[PDB]
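Asker: Got a sequence here, can you build the structure:
(chains A, B, C, D, E, F, G, H, I and J)
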Amino acid sequence: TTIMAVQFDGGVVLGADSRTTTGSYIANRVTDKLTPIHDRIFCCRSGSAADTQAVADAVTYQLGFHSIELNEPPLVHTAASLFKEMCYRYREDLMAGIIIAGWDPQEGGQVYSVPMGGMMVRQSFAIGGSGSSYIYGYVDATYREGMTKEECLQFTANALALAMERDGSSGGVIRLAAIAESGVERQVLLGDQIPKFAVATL
Amino acid sequence: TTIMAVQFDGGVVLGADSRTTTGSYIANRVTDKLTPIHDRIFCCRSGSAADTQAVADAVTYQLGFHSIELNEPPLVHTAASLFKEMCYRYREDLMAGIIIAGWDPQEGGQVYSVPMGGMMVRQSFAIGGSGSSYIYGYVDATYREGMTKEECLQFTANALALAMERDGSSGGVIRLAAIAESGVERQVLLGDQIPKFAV
Amino acid sequence: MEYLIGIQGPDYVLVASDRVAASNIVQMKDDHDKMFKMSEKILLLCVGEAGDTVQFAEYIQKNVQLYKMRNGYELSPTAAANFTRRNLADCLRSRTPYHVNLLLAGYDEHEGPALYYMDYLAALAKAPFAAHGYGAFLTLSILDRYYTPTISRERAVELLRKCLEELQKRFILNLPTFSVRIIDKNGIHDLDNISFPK
Amino acid sequence: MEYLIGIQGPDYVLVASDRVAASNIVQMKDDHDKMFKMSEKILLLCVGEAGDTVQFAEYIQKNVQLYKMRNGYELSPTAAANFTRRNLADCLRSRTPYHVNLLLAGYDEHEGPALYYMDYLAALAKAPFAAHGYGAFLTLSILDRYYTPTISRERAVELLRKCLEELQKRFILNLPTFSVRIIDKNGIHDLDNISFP
Amino acid sequence: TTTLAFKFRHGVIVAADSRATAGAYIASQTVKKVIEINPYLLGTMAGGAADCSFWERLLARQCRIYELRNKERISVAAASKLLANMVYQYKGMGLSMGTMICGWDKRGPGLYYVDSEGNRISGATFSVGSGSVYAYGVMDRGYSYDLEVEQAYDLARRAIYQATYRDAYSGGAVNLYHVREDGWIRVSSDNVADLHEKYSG
Amino acid sequence: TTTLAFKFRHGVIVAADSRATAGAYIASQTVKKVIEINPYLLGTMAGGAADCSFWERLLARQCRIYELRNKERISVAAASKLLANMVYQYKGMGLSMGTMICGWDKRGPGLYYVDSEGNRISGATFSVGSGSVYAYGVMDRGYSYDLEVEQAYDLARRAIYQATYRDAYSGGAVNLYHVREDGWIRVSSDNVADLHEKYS
Amino acid sequence: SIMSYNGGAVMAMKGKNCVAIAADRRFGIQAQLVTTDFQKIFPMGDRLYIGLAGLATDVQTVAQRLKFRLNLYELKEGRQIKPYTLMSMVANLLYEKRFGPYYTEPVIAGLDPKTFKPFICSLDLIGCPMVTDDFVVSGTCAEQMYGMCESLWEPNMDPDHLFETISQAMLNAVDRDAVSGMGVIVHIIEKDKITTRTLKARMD
Amino acid sequence: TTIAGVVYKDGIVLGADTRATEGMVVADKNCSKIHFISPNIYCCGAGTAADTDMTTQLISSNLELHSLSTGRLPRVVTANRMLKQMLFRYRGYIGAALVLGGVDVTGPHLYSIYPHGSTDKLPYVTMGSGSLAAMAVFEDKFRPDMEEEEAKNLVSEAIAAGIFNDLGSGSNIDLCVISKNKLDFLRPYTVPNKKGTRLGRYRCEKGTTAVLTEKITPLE
Amino acid sequence: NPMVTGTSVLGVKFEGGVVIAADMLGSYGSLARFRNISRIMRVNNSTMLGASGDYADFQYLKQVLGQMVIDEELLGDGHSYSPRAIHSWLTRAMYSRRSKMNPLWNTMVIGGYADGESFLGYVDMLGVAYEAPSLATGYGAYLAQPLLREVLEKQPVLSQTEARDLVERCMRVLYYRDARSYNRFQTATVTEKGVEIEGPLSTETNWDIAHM
Amino acid sequence: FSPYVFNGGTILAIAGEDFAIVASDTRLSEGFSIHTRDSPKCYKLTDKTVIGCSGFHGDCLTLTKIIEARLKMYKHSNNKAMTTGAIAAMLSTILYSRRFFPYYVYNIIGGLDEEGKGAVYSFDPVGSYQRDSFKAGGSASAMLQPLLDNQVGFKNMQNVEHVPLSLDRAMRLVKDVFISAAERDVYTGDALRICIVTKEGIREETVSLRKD
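Answerer: Numbering: from 1, shown residues only, chains lettered A, B, ... in the order given. Please find the structure below.
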């Protein structure tokens, strides 16, 4: 697994891979790791799939029920705190490693991380999964303040690709989603669309 | 521990960190992990220091003994093969990584990547240690054919700096070496000379 | 280990046991008694762990006497045996399992005598003769060799003594004293103890 | 199980043991013999594991008889005991260690009688009386209560009978008949076995 | 530890030692192991002191409540049964106990033995502790229902001393008690360092 | 397994069963458990068969070597001593063996019991295997030194039958041998199903 | 294991309009006989029988509970029970104790009291019935039974041939297991009569 | 042990094997696996073989209740949700791998469920010991927008390749087709292997088995 | 214990000659560490070898076999080593080193063309050896062998092109469904003309099922 | 690690007045997969003796090589062929040699007696042998042994004639038995090989079973 999330001025960008594994055999090669929670809020699953799916469903239910009363679009901190509590009350039975991203009218695009412990931190960008260790150095040497949309898109694509070559538990298709005020836009990359780097030969 | 080696037209370049741990307590912070075997042949130590020092001393002994009979300078494949045999016989060494770099008159700058176990491989660039995982992609995005000495040097320095900021078992000063026909050039980077990124 | 033996006949029943209570090197008592009287014509012989025996036996005796005092008549050995088996199997899968082995000699005016056998798992077989303990290895074959259904009363005691001396020749444990009892149409009787000098 | 006992007098020695063998439920024999005659006035009582007792005892016996037939005289008990102890402690730290206990009652012309003791770790104490086995718990005290240095012969026999009665009264294992012997200035003598019906 | 007890014509005799260790270190040498439950009954300590004290103080409480409710003093068999039934609930948890209940009732003298496992048996001669085997041997040679009080006292002293001379976890002083038809009395608290001189030692 | 042996006025008698199991599956029911070492000795199998055959073959070979060298038949005592000192070098490895050596020497009959642990002992009545406990009871109550030949046979046969009736790892057929001053003989080999009707 | 602590074996076969069920007879503790008249086959109404094998305690308990339920069933609604409903009842009863179960392996055999055609079923520790048309077995010596039955059982057989073949199979099978044997019993069910028989076996 | 399911132009096809083994001894040679969930939904199930039967019965009962209360044909999403939740409630102590599939007002739908509560919505899936060879056949010879008599052959081949190559599965082959106006449930679709002919008999005579007792009971 | 390894290998036998195929990856657990290593050797002018498992032991065997061939080819006696001899020698070596509890973690595939007939072998780490018309190791024993068998049943004689096509087909399923794999492999052929190994290849892929 | 494996491969043997029969399956397995379907387990030593093995394969192979190497040694040192009893007595010792690291093969030997009769010897992996008339060692022993004892020993059959065996009857019986023991066991099938020993020589057959 490998998930990445980036923040720009008026919105955010997400990125994920399309592989699932149960050992050395591939049970699926197209799975979708981008789960919407509201009209303008998303999530990114990692670790066990059952626990992630359950947690995300319950959070979606609670957030819809809480928004239908106040008569106001929700915030991202709310969903992040709900996730925090749900994953902290059961930290001895769960393995989730989740990320949250979205948009709201008070503050602009927002990103948060929630590892297995039950913490909650916001950051200019975030990454997670097993194949992230292999790119902790690439996002550091390339990030810069003042990035536009397309820049974040191609940045996420390149990082995902570089993580999907050396790791055996990740690969396949690259799914992307761009969030802003006007609306959402999804995208999928495969084959000759994915970047390529020449292999070294003596 | 973060060791790295790159190959350019004439010769090669080696780079390493300057830390040695004993758990969570730093027993040394100016260590030297670039061991000479001959005039223009160098080894990089990773893993337990005892086994590495022992094997390197024995290999230096053997080579120096077998370079005075033939009256001809040795090669790099020979040293790599001696290491390979000595590390395959006693697979209980846990000597683990040795990366071996040098210059021979027949071929040019050569790099060999003897890993844990007794297997040997030649590559254009090699890396090793616990902190190498965090610099794979970067290298895979930055390597290009037709590099010069300064480019290899600064690339190695940047990679090492990036690996040392994220790993806890690596840090301190950055020791660099450049090997070619004319001679050996050693140097160190400490403090403000180290490449720094933002946060 | 302990030792219990039971024999059935045409119109009677015979039972015998040991009289020894020891703690791992020393026999603290030589006048023990492992027979529990549940009714006028029923007996129970229990063996095994230390305290489970007495607790279980007292429970069963209380409930049987309660039946007798409540209804007006007594329980026949078959009903008592099945009740014992049911309760023991129910307590097997609980927080208070009992580890005991049992014999339930008895007599009734309808179906005649009865000698049952029960393990610590509540199996409830039925047999004409039976035994417990390690000494049952050097004792059952003799019964198989010499037992016959239409046996008399004194020949039973002769055969019992026969299979008792074999214990004082091969069995490593001393076991010098034994208690013996008999049941018939009139009720429980008590006979002289089968002791051997030393 | 096992039981060895030894008592020392002013001019004699009295040893006794049980005679029984078994395999975990049954006693195969009732006329065993745990004693060994190393010489004319020396006696080794060994007990313990299964196949080590006879091996060790016969080794010792061969070597002692060889000493005799080689030099011209016999070996004093205070010497045979230390020989045994040395050999046993040596073989204790090898691939074939022996697990046995033994007494070495004897008699000599210069120093008089003697009685010794071992504990399968090569200790070699020495006492005017001693015992082995679990039964030793129920019969040592008795000695300390009724024993005197100037104990005659029949009184020692009576003390022995007393200890054996106590064993047959409080001990769980049968042990119904015992073998007893005596050693005096003239040699070894065998007495009527102490048997209880 | 080392305790003994035996009954005969003139009542029951009880005895114990006065040592308490924690491994190989002698913590105490003046302990009182004959628990005075009441002016009618007696106890004994062996195994765990905390348990042998708590579960008998509770028994004293219950016997007093019984005497108050029913206007009749309790017996020994009922006491032992109560203690056994109250202790059986803790089977397999870590309790260690060994005790003797001694007294006199309408059925004559009374001596019972109890432990934590659950066994409860009467008797005429009992010894408990890590040195009861050395005491059995000498009490068995000298016991007789038709004994005189002085000889019984001497026998108990001698048995305890001989057990102490061999067991390492047993020694100190010898406190002898005596129970009669109208209560009990304390007799002596002799010291072993002085008996060794009186006797053949 | 159940193997018994006892000696009396007219020599020694041996008896055994014929079943072999591998867990709960009956491999064979026609095994030979009374080994014929020599025309003057006999053996017995219990525990491991490979061992109780290999070592007894070696023993027979050594006995023949002795007879050739010294020109005198070996004795039972020395034979059992050899057999015991042979397997003692394999203590604590996995060997399982229980054996009876029977014969007639210049000082009369002889019966010795041997095992892998090391205890070698004489006697007059012996029985080993998973069903020895049931056979001891019948052998004792019925034994006597001044017995005839026509009766000891039935005694041993009944012992073996009553052992097979109860024990599950023993059954099949019953083999019986009788040793004399000259040599041994094979007297009969019966079946349990053919004895059950002979009795009730 | 714990199933093999006692031993036992049972089998069931179909015929033209008849059915057959057989079982062994023995009770012992892991190496030792205690008695020879143990019961493993029980009636569950006219023209329907069930056999059990394993831990004696559990077979007794299961039979008692099953009768406790079946009597009430037949009493509420007045009609004999059919085999499929019995199979489902037993499966539910076993699955209730999925944790802390009963160590038993039932086998059901009978007819349909409407159209007298055969029926046989073989459950397991928990369930997964195996409704077949040839035969079923249950016990510790199962390989022997599967090897003897397969060769035999021509597709159509009359009562006599059925008794013969099932008897021969059971006999030549239990004579290869040590913890099972010491007797055999057989029941044959037809439209208007039931047959019960014992056999001549080796008591060793 | 060799389940398989596929989606085609106008419906869904589904297949399985017909063998069950208790250890290493074939206990049955014709066992049913394609279970009925609703008149337009069928669920094939591997696993412990009881945990999968009880679950299916329960879900079918609840779906019948929902249908009777609402008044229209059920859907697949409801069954998926029910199974997901009931399996997650047990932390994996219920082995109930399934390949649930069916059709509703919308297009066809194919799901795969695992004992923990994970699901997928793939177009073709497999399961059981022998799933790898079948998945290989699929990856090689699969196409989108196929017809009925092609998907049937595809599934049959995928099953046969798992029969002849795995020791835990082999017998007659089943099948099931579900469209908007058809519910073909073919059992059996084809028989690849059969028993060999006998070369003799055994002389099953009458009166060759001993007997000790006998009893007779007449009926009415 | 094994550190750097390799995944499965394939094998097929056509009318005249034999073919083998194998990827290029020295994985270390879950990391694709090396990507341009060859796991195939040419022993003689009529024998080859492919290996799966620890790479160091494969190197050891390569050294030994090369030296043995050089030693036997110096005499000039008109003799030569055949594939069956190689097969048996390997079997004996593995059994020997296993009987001493110091085995070689490797499964090998041998192929050759003797006088008129081809040969295709198999050797495990414990010494289990045999022959067969076509076989594969590793996870490929589940994804690849089915197709080969289904194709050989209908026609157990194939042409060279018809074998290369099937090989290129089966080396595409492992990429889809095997994690410890890569999209780069070698294909080698043995005929009367000798051995011939090809360069790195690639397998065309389709992901049309991602939009649904 | 574990130095053993399980491959299956039941074996069967029969003896007669002037003939002997030895039958085997033909398949090799490892876990839940199939390696091949042509691997007989019956071998011929001399013109009147054959042997079959089952279990771990490497041990089987090396043991066959050993036996074949020692028969020639005997022939050289004594100038005469080896009989059946001699081979059995040699195999007992060869097996017991490795008493603390044993083989895992269940051997069976069939052949002709000294004069003209038929002899069978069943063994165990430690070396305990005894002469028998019919034996069905292997994985499916429990399926065949209870059958061969009724139709060949006439057990539990009253008022039945002995009617000694013959050749064709035994052949057909073997065929039917192995055809029935393939629908219940999963390690057995795909073919059946028979070797027959008579006064003339050694003959072979072949039959086909179902392919799972």
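
Asker: quick one: the helix or strand hosting residue I:161 to chain centroid distance?
Answerer: Assigned by DSSP states H and E, residue I:161 belongs to helix I:160-170. Relative to its parent chain, helix I:160-170 has a centroid offset of 15 Å by C-alpha atoms, centre = their mean, to the nearest Å.

Asker: count of neighbours near the closest residue to residue C:123 other than its chain neighbours?
Answerer: Leaving aside its sequence neighbours, residue C:123 sits nearest to residue G:56 (C-beta to C-beta, 6 or more residues apart in numbering or on different chains; 4.4 Å). From N, CA and C alone the C-beta is placed, and that goes for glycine too. When neighbours are counted by other C-beta atoms under 10 Å in any protein chain shown, residue G:56 registers 24.

Asker: Can you give me the buried ones in the helix holding residue I:161?
Answerer: By 16 or more other C-beta atoms under 10 Å in any protein chain shown, the buried positions in helix I:160-170 come out as I:163-164, I:166-168, I:170.

Asker: In TSV: the residues you listed, plus distance to residue B:188.
Answerer: Converted to TSV, the buried residues of helix I:160-170 look like this (distance: C-beta to C-beta, whole Å):
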residue	distance to residue B:188
I:163	59
I:164	56
I:166	59
I:167	54
I:168	53
I:170	54
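
Asker: which residue sits farthest out from the middle of chain E?
Answerer: residue E:69 (28.6 Å; C-alpha atoms, centre = their mean).

Asker: quick one, phi psi at residue A:55?
Answerer: The phi/psi pair for residue A:55 (degrees, to the nearest 10) reads phi -60, psi -50.

Asker: quick one, what contacts the residue nearest to it when sequence neighbours are not counted?
Answerer: Leaving out its chain neighbours, the residue that sits closest to residue A:55 by C-beta to C-beta, 6+ apart is residue A:86, at 5.5 Å. Contacts here follow C-beta atoms under 8 Å, 6 or more residues apart in numbering or on different chains; on that basis residue A:86 touches A:55, A:58-59.

Asker: So which of the residues you listed wins on neighbours?
Answerer: residue A:59 (24 neighbours).

Asker: coming back round to it: SS state for the residue nearest to residue A:55?
Answerer: Three-state assignment for residue A:86 (DSSP: H, G, I helix; E, B strand; the rest coil): helix.

Asker: The residue nearest to residue C:123 against residue G:2, yeah?
Answerer: No: using C-beta atoms under 8 Å, residue G:56 makes no contact with residue G:2, being 11.8 Å away.

Asker: and for these two, which residues touch both?
Answerer: Residues touching both residue G:56 and residue G:2 (C-beta under 8 Å, 6+ apart): none.

Asker: Give me the longest helix you can find in chain E.
Answerer: Assignment by DSSP state H gives helix E:49-70 as the longest helix of chain E.

Asker: is chain C contacted by that one?
Answerer: No: Helix E:49-70 stays clear of chain C (C-beta under 8 Å from any C-beta of the partner chain), getting no nearer than 15.3 Å.

Asker: For the residue in chain I that chain D sits nearest to, give me its contacts.
Answerer: Residue of chain I nearest chain D, by C-beta to the nearest C-beta: residue I:101 (22.2 Å). Counting by C-beta under 8 Å, 6+ apart, residue I:101 touches J:1, J:3.

Asker: Could I get the full set of helices for chain C?
Answerer: Using DSSP H, helices in chain C cover C:52-71, C:77-92, C:137-146, C:154-165, C:167-170.

Asker: so of those, which one's packed in deepest?
Answerer: Comparing these by mean neighbour count (mean count of other C-beta atoms under 10 Å in any protein chain shown), helix C:137-146 ranks first with a mean of 22.

Asker: what about the residue of chain G found nearest chain F, distance to residue J:156?
Answerer: The minimum distance from chain G to chain F, using C-beta to the nearest C-beta, falls at residue G:204 (3.8 Å). Separation of residue G:204 from residue J:156 (C-beta to C-beta, to the nearest Å): 14 Å.

Asker: Compare these two (neighbour count), which wins?
Answerer: More neighbours surround residue G:204 than the other of residue G:204 and residue J:156, with 24 against 21 (other C-beta under 10 Å).

Asker: residue contacts, that one?
Answerer: Residues near residue G:204 by C-beta under 8 Å, 6+ apart: F:164-165, F:171-172, F:192-193.

Asker: Among those residues, which ones lie close to chain J?
Answerer: Applying C-beta under 8 Å from any C-beta, the subset of the contacts of residue G:204 adjacent to chain J is empty.

Asker: Can you show me the helices along chain A?
Answerer: Secondary structure of chain A (DSSP H): helices at A:49-70, A:76-88, A:138-142, A:149-166.

Asker: From chain J, how far out is the residue nearest to residue A:55?
Answerer: Going from residue A:86 to chain J by C-beta to the nearest C-beta, to the nearest Å gives 41 Å.

Asker: Please report the distance of that residue from chain G.
Answerer: Going from residue A:86 to chain G by C-beta to the nearest C-beta gives 28 Å.

Asker: What of residue H:2?
Answerer: Using C-beta to the nearest C-beta, we find residue H:2 at a distance of 17 Å from chain G.

Asker: Do I have it right that that residue meets residue H:130?
Answerer: Yes: using C-beta under 8 Å, residue H:2 is in contact with residue H:130, at 4.1 Å.

Asker: residue at max distance from the center of chain A?
Answerer: residue A:202 (37.9 Å).

Asker: Let me see the backbone angles for the residue in chain G positioned nearest to chain E.
Answerer: In chain G, the residue that lies nearest chain E is residue G:100 (20.2 Å; C-beta to the nearest C-beta). Backbone torsions of residue G:100, given as degrees, to the nearest 10, read phi 80, psi 60.

Asker: Starting from the host helix or strand of residue G:172, tell me the next helix or strand along the chain.
Answerer: Using DSSP H and E, residue G:172 sits within helix G:159-174. Downstream of helix G:159-174, the first helix or strand assigned by DSSP H and E is strand G:184-189.
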